[PDB]
Amino acid sequence: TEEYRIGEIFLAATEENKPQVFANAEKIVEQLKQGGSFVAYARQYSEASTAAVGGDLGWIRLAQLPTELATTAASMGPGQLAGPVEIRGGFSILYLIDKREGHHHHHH
């Protein structure tokens, strides 16, 4: 019943350019782990339509994510960064902003 508030920075890459784009993504992860604003980096680097909103995907269920990201998100601890994670069209960096669960809504 878990729902996840996830932030994402997506960098597109053809198979030929993947190693290079992975390098670019890793440098971003390094800056984020050292304190950089996820929103700022997402607005500057994300190639997904959510870039403008700081990469915030809002509250989502894991089935909404591609397998690679869903399985990564399932093991993440709150407030942590993950990636870069390879997906068919490139690489994604994830940020677990919030998390909630429970079979009953009136319990929050």
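Scroll up to find the structure this text is about.
Residues numbered from 1 in each chain as written, not as in the entry; some residues may be left out. Heavy atoms only, no water.

S.K.: I keep staring at the overall build of the protein and nothing clicks. Help me out?
M.R.: Counting secondary structure elements, the protein contains 3 helices and 4 strands. Put simply, the protein runs from its N terminus to its C terminus through helices and strands in the order β-α-α-β-α-β-β. Seen along its three principal axes, the alpha-carbon backbone of the protein occupies a region of about 50 × 25 × 25 Å. Across the 108 residues that make up the protein, the buried fraction comes to 38%. For the protein, contacts bridging at least 24 residues in sequence account for 64% of all contacts bridging at least 6. Only carbon and sulfur atoms are counted for the fraction: they give 49% of the accessible area of the protein, which is about 6400 Å². When the 9 positive and 13 negative side-chain charges of the protein are each reduced to one mean point, those points stand 4 Å apart. (Helix = DSSP H or I, 4+ residues; strand = E, 2+ residues; numbered from the N terminus. Buried < 20%, exposed > 50% of the residue type's maximum accessible area, 1.4 Å probe, protein only. Contact = heavy atoms within 4.5 Å. Areas by Shrake-Rupley, 256 points an atom, 1.4 Å probe, with all protein chains shown as cover. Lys, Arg positive; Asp, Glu negative; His and termini not counted. Charge placed at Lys NZ, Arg CZ, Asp CG, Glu CD.)

S.K.: For this particular structure, what's the right way to read the nonpolar core?
M.R.: Judged by nonpolar contacts, the single largest core of 14 residues is most densely connected at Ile6, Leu65, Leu69, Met76, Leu94 and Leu96. When residues of this core are traced back to their parent elements, those giving at least two are β1 (3–12), α3 (67–75), β3 (81–87) and β4 (90–100). Judged by nonpolar contacts, the second largest core, of 13 residues, contains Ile9, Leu11, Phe38 and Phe91. (Core = buried A, V, L, I, M, F, W, Y, C linked by side-chain atoms within 4.5 Å.)

S.K.: It is not clear to me how the pattern of salt bridges should be interpreted in this structure. Could you clarify?
M.R.: Two side chains with opposite charge may pair up if their charged atoms get near one another. On inspection of all chains with the given rule, the structure shows 5 salt bridges. Residue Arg5 is joined to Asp56 by a salt bridge in which the shortest nitrogen-to-oxygen separation is 2.7 Å. Taken as a pair, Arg5 in strand β1 and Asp56 in strand β2 (residues 56–60) lie far apart in primary sequence, 51 residues in all. What makes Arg5 partly exposed here is its relative accessible area of 22%. Its relative accessible area of 24% is what places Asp56 among the partly exposed residues. One network of salt bridges, with partners in common, ties together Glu15, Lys18 and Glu86. (Salt bridge = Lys/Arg side-chain N within 4 Å of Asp/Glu carboxyl O.)

S.K.: Would you take a moment to explain α3 for this structure?
M.R.: Three or four residues apart is the spacing at which side chains of an α-helix point the same way, because the helix has 3.6 residues per turn. Listed in full, the buried residues belonging to α3 are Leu69, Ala70, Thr72 and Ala73. Across the axial projection of α3, the buried residues extend over an arc of 165°, all falling on one side. Summarising the geometry of α3, the exposed residues directed more than 90 degrees from the buried face are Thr67, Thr71 and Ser75. On its buried face, α3 is in contact with β1, β3 and β4. (Arc of directions from axis to C-beta.)

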